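Worksheet for the structure shown next.
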Amino acid sequence: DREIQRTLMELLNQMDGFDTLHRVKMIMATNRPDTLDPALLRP
Amino acid sequence: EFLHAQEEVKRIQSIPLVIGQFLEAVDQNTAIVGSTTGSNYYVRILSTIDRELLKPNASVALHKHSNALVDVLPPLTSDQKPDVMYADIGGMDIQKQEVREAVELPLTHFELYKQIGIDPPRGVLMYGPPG
Amino acid sequence: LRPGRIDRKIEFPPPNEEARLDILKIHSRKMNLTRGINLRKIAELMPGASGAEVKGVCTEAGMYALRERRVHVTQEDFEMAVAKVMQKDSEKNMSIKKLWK
Amino acid sequence: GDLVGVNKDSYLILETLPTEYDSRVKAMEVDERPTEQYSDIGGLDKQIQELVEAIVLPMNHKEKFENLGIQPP
Amino acid sequence: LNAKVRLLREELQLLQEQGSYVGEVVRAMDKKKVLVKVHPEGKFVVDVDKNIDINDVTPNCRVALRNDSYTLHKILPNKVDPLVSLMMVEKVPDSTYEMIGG
Amino acid sequence: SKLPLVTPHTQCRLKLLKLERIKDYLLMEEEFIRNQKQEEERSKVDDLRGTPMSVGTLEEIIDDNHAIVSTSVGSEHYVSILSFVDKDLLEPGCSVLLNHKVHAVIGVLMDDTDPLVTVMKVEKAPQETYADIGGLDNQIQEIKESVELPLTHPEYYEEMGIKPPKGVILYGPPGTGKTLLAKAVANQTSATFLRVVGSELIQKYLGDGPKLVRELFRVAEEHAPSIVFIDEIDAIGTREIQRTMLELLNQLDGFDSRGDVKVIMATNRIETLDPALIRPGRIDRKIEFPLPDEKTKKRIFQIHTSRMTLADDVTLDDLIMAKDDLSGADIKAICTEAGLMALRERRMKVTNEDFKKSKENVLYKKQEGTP
Amino acid sequence: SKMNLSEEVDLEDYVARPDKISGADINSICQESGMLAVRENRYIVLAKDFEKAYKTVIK
Amino acid sequence: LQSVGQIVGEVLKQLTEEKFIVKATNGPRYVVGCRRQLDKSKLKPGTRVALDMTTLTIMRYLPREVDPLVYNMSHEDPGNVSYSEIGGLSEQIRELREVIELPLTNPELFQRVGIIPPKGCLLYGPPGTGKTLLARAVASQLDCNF
Amino acid sequence: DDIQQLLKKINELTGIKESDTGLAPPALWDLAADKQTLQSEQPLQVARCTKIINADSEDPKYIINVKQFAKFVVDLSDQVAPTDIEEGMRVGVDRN
Ligand SMILES: Nc1ncnc2c1ncn2[C@@H]1O[C@H](COP(=O)(O)OP(=O)(O)OP(=O)(O)O)[C@@H](O)[C@H]1O
Ligand SMILES: Nc1ncnc2c1ncn2[C@@H]1O[C@H](COP(=O)(O)OP(=O)(O)O)[C@@H](O)[C@H]1O
Ligand SMILES: Nc1ncnc2c1ncn2[C@@H]1O[C@H](COP(=O)(O)OP(=O)(O)O)[C@@H](O)[C@H]1O
Ligand SMILES: [Mg+2]
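Listed below in structure tokens is the structure:
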């Protein structure tokens with residue numbers, strides 16, 4: 250349960266590392282968006 | 071002969087050397103170091119090493135075989159680095175001045191304001207509509 | 306507090322005039338003060354301080370010095386500081402003299 | 148993501164291995180092949196037919212489904 | 052010059068010797084045998100060398116060993132570094148009665 | 047071992063004489079010790103186990119002299135056992151010495167893990183005694199018949215055919231002397247004493263409650279004659305906490321044979337406890353600790369103020385009187401508070417007025433109700 | 350400024366208009382107008398793009 | 050058969066033009082030197098390099114790890130699903146193609162317009178409405194690395 | 050006070066109380082058999098067996114999963130037989 254939060258932190262850091270130039274885009278799909286951490290919800 | 075001997079001393083700390091972390095010194099000729107292999111060892115210090123560099127967490131280099139401490143290596155968390163500048167802000171000049179006095183000068187020059195003796199600034203409040 | 310348990314109690318009422326004198330002196334000991342200061346008027350002007358807010362008044366006088374880039378404090382600086390330290394003027398009609406009068 | 152047997156010291160690859168998932172996963176495999184007959188089941192004939200048509204028929208033929216174009220359940 | 056040369060030579064000869072590990076003793080179990088725990092090698096029983104002063108060797112001594120056969124070498128300084136308590140403990144604080152007023 | 051007991055307490059020549067006799071004997075021990091083979095067995099065994107020897111954990115024994123052993127690196131090894139290792143001292147989980155080179159099993163290391171109950175083993179019971187507790191005569195007899203006499207003299211019960219009582223509950227107002235009596239009975243019979251106070255067995259993890267109960271009773275069995283004192287049984291006793309109750313109840317009267325361990329539990333609120341916890345088949349002795357009466361209160365005052373220097377004027381009876389509203393703990397608080405009052409006035413020798421003020425203040429430390 | 354925009358963009362209209370929109374709303378309007386411009390494949394942002402972005406957002 | 054494997058490891062600070070700090074994958078931290086001839090400028094913190102497992106000297110800076118988990122996470126069959134197989138999601142397909150396809154297919158639009166393209170999209174809904182299908186279609190139609 | 054200090058002195062003079070390991074009654078044990086067996090046999094490591102390759106039922110080539118150490122492709126000694134070993138089986142394995 251710990252490793253999942255520590256990994257979400259790394260996902261957040263790698264996501265925020267997106268410079269404007271990369272031709273890289275991302276899709277996330279879920280059936281229970283309420284359970285999703287509000288950290289991701291931030292613009 | 072002394073030139074030969076000193077050349078050998080220099081030859082001791084040549085590559086490859088295993089990096090580790092410095093624990094507190096024991097005596098003038100020895101100290102305890104924890105190699106990056108994970109293990110800890112009680113190791114002779116090479117007498118050429120300048121002692122002042124031996125901070126209790128410094129990164130050091132040890133002989134690969136004997137683990138001999140032979141070199142001292144010369145030494154952010156996230157996107158917490160904001161990467162945005164006052165040039166990017168849309169002209170909030172009054173707020174720019176207020177915040178810059180409130181935090182920026184305390185971050186840069188808190189030692190003078192400690193010389194004032196005031197426990198230099200600790201907290202500011204920002205209020206207004208969102209966005 | 307039952308007798309076999311913890312044995313004693315000590316009361317800490319808000320600092321009085323003499324206590325305000327001490328605390329102001331102690332927290333001003335490090336600050337660059339100026340002749341012509343009258344700290345006793347300042348202590349008299351702050352009725353019912355809790356002690357911590359006197360550390361606050363020293364802090365605010367120093368902040369007034371600092372935001373003006375002055376490394377010294379004067380009587381006026383402390384006097385406008387105390388105004389910021391009032392903060393109990395936010396009582397007003399609500400419950401000031403009604404209900405919980 | 149392959150499984151290769153390499154030299155114990157020089158670490159050169161000198162064998163290609165069948166992938167191994169896990170011991171528990173192999174324990175999940177049926178080797179005894181139990182024996183309870185369909186006749187031993189009573190009253191469940193409709194449920195039996197549903198399960199059979201859903202599972203066995205795709206294994207048996209695949210022609211009756213593909214002739215219709217449906218995805219078998 | 053000769054003294055310096057001799058110094059360097061003996062230094063190199065000692066530099067050939069390995070790192071002798073670091074361990075902490077859990078229980079002395081009579082002369083010539085003492086138990087010590089070392090990083091993840093684990094807990095080993097070891098015969099003490101000629102210095103033999105075992106009653107000096109308290110538990111948790113941070114004692115040094117031999118790199119081979121682990122033979123006890125010397126007691127080393129103690130491991131204090133009480134950061135486990137120091138996250139919370141205030142040690143001996145600075146607060147003193149003269150800064151207390153009233 | 048410890049020094050004997052010196053039981054004059056007033057500073058008198060008798061005390062000095064007893065201390066002098068202790069001094070003399072200890073000096074003779076000094077003299078004796080200061081005033082000063092098996093090499094074949096050594097060269098055989100202590101050289102087969104050539105130093106250094108590692109420490110690992112025995113997992114299983116497969117043959118008469120072959121065992122499976124793990125080490126701190128987590129590896130697993132099938133290795134023979136040399137003949138001198140005591141087989142019956144070897145079991146799964148046992149810490150075992152191993153030859154460094156070929157991992158040979160060369161002796162069991164006496165256990166130094168399971169630290170929780172390891173510190174839980176009190177061994178510091180000798181602070182109290184039946185003498186130190188006064189006035190609990192009927193309760194003393196009850197506890198003696200229940201837990202003590204079966205341990206000291208099981209002979210009567212084996213001759214009679216009785217399976218002796220092996221679980222007791224103590225109840226009453228706090229400060230009446232329940233924990234005191236528990237520690238005193240722990241002292242009178244030198245069977246080892248284990249304490250675990252109520253809510254401290256309650257734990258956040260799903261396991262540690264019942265697991266803690268299990269290892270507590272396991273260590274109690276291992277020490278064999280032992281006392282398990284469950285203080286504040288209330289917190290657990292009044303699904304998970306009920307499961308901890310279930311494990312404790314099963315360990316009290318369940319499968320297997322429990323053996324010699326005695327169990328004494330203490331509560332303030334007996335009427336609130338779950339009837340299952342008070343198993344009338346298991347909890348066969350319920351002992352009330354009521355508030356001390358006049359004779360008792362006199363005894364408690366005497367024992368607690370005995371070690372005190374006293375003036376002439378103290379009217380001890382008038383100190384007692386009242387309407388028996390104070391337990392023994394309140395009396396000890398009275399003693400300490402009177403001592404403080406005497407010290408304030410500089411009296412190293414307490415007086416009656418000290419006790420009067422002490423009792424008045426302590427009684428003022430009661431109640432809050434206006435009407 | 351970092352965007353392209355056309356010569357006919359009338360910023361003063363949105364400066365004077367009553368809606369009490371925030372700076373975050375400014376950024377949202379500008380990004381959305383650029384997105385409308387990209388939607389029509391037009392490489393430059395027109396006044397109609399700002400119009401549609403302004404009315405598309407806020408209240 | 051005469052050949053011997055070299056030890057892989059990530060590199061760190063270049064102490065000098067010759068002494069470098071490599072970090073063997075799940076291993077210790079060393080200070081080592083490049084062999085003789087390899088470039089030194091490209092040896093920057095974050096370049097996978099092979100190490101001779103006798104002197105640990107740097108040789109053969111490798112491009113970067115693929116981590117076969119990721120290889121499986123790319124070379125996976127998404128199906129032949131086209132947009133004409135998803136139905137009733139036309140507005141949502143428009144949004145997804147506008148946020149994920151167009152910024153990739155036509156980055157020069159976002160270059161000239163100067164808009165920072167949205168980084169990613171979140172698909173949410175009840176189970177079995179087409180989110181995974183949407184992703185499958187985007188994978189099967191856009192000729193890229195998925 | 051002198052009682053206390055000289056009690057520490059007694060503790061120091063008598064030294065640390067001996068800690069044992071368990072060497073049974075002396076008459077029970079040893080014989081040359083113990084040392085001979087120690088120097089002659091092999092302290093085997095323990096492994097899980099896995100994926101009996103059985104590429105020809107002639108060179109079986111079983112995989113092993115020695116825990117916390119490694120996994121190897123290995124063969125039987127001249128003593129054990131193919132019918133003895135199965136997949137899993139928690140086999141024992143020589144150390145070199
Ligand atoms: N709009 C649609 N057009 C065609 N088929 C559809 C549509 N929506 C759903 N389906 C069908 O319904 C099923 C939905 O499966 P899919 O895994 O794509 O759903 P999901 O809701 O994205 O999944 P999840 O529950 O894993 O989040 C598929 O078999 C797909 O063919
Ligand atoms: N005056 C401004 N100039 C430019 N951008 C702004 C301005 N005010 C807010 N923003 C936008 O708002 C975002 C930061 O959010 P912010 O407004 O600080 O949150 P809050 O609602 O807590 O004030 C930035 O991405 C920035 O683009
Ligand atoms: N009959 C008694 N004789 C002597 N001391 C007593 C007696 N009753 C209570 N005490 C005092 O009360 C304390 C013990 O209180 P106790 O009732 O054991 O606590 P708890 O209520 O937690 O079990 C001891 O310090 C003891 O001095
Ligand atoms: Mg899905």
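Protein chains in written order, with the deposited numbering: chain P, 250 to 292; chain S, 71 to 145, 154 to 209; chain R, 306 to 406; chain D, 148 to 220; chain C, 52 to 153; chain B, 47 to 82, 91 to 292, 303 to 435; chain G, 350 to 408; chain U, 50 to 195; chain W, 50 to 145. Ideal placement from N, C-alpha and C gives every residue a C-beta, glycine not left out.
- The region 132-147 of chain C and the region 106-120 of chain C do not touch, with fewer than 3 CB-CB distances between them shorter than 8 angstroms.
- Counting other Cβ atoms within 10 Å of its Cβ, P/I253 stays below 16 and is therefore classed as exposed.
- Residues of the region 272-286 of chain P with a C-beta atom less than 7 angstroms from some C-beta of chain U are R272, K274, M275, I276, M277, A278, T279, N280 and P282, listed in chain order.
- Between B/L102 and W/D83, the beta carbon gap of about 7 angstroms places them in contact (Cβ cut-off 8 angstroms).
- When rounded, the separation of the alpha-carbon atoms in G/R391 and G/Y363 is 22 angstroms.
- Check the Cα spacing between W/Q85 and each of B/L341, B/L136 and B/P227: the tightest is with B/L136.
- Counting C-beta atoms within 10 angstroms of its own C-beta, U/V119 has fewer than 16 neighbours from the protein chains shown and is therefore classed as exposed.
- Under DSSP, the beta-bridge partners assigned to U/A99 are U/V57 and U/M108.
- Annotation: the continuous beta strand (DSSP E) that includes B/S124 extends over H120 to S124.
- Residue pairing by DSSP puts B/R249 in a beta bridge opposite B/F283.
- With a cut-off of 7 angstroms, the C-beta of U/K68 is classified as distant from ligand 4, since no heavy atom of the ligand falls inside that distance.
- Secondary structure note for B/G161: its beta strand (DSSP E) is the uninterrupted segment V159 to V162.
- Residue-level contact check: W/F118 touches chain B, since one or more beta carbons of chain B fall below 8 angstroms from its beta carbon.
- Counting only residues whose CB is nearer than 5 angstroms to a non-hydrogen atom of ligand 2, the list in chain order is S/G168, S/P208, S/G209, G/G372, G/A373 and G/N376.
- Runs of alpha helix (DSSP H) with 4 or more residues, each lying fully within the region 190-276 of chain B, are found at 191-197, 203-206, 209-214 and 232-242, listed in chain order.
- In this structure, B/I342 lies away from B/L224, with their beta-carbon atoms at least 8 angstroms apart.
- Taking 7 angstroms as the Cβ-Cβ cut-off, the region 98-127 of chain S approaches chain U at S105, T106 and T107, given in chain order.
- Shown here for S/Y191: same chain residues with a beta carbon closer than 6 angstroms to its own, the five before and five after excluded, namely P198 in chain order.
- B/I115 has its CB no nearer than 7 angstroms to any heavy atom of ligand 1.
- Distances from the alpha-carbon of C/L65 to those of S/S105, S/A95, S/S117 and S/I89 put S/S117 closest.
- When C-beta atoms of the region 188-205 of chain D are compared with those of the region 77-96 of chain C, fewer than three pairs fall below 8 angstroms, so the two segments do not count as touching.
- Within the region 389-401 of chain G, contact with chain U at the beta-carbon level (separation under 8 angstroms) is assigned to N390, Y392, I393 and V394.
- Of the heavy atoms belonging to ligand 1, none sits nearer than 7 angstroms to the Cβ of S/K159.
- When C-alpha distances from B/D100 are compared across B/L407, B/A158, B/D418 and B/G110, the shortest belongs to B/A158.
- Against chain W, the beta carbon of B/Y225 has no neighbour under 9 angstroms; the closest one sits roughly 42 angstroms away.
- Ligand 1 has a heavy atom closer than 7 angstroms to the beta-carbon of U/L138.
- The three-state secondary structure of B/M412, taken from DSSP, is coil.
- Under the three-state reduction of DSSP output, B/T400 falls in the helix class.
- Using a Cβ distance threshold of 8 angstroms, S/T100 and S/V88 do not count as a contacting pair.
- Interface with chain S (8 angstroms Cβ-Cβ cutoff): G/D374 is included.
- Taking a C-beta cut-off of 9 angstroms against chain C, the contacting residues of the region 107-128 of chain B are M107, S108, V109, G110, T125, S126 and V127, listed in chain order.
- Relative to the Cα of U/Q160, the nearest Cα in the group P/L260, P/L261 and P/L270 belongs to P/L270.
- From the listed residues U/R84, U/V162, U/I164 and U/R146, the smallest Cα separation to U/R185 is found for U/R146.
- Spanning the alpha carbons of W/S68 and C/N111 requires a straight line of approximately 17 angstroms.
- Per DSSP, the unbroken beta strand (DSSP E) holding B/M329 starts and ends at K326 to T331.
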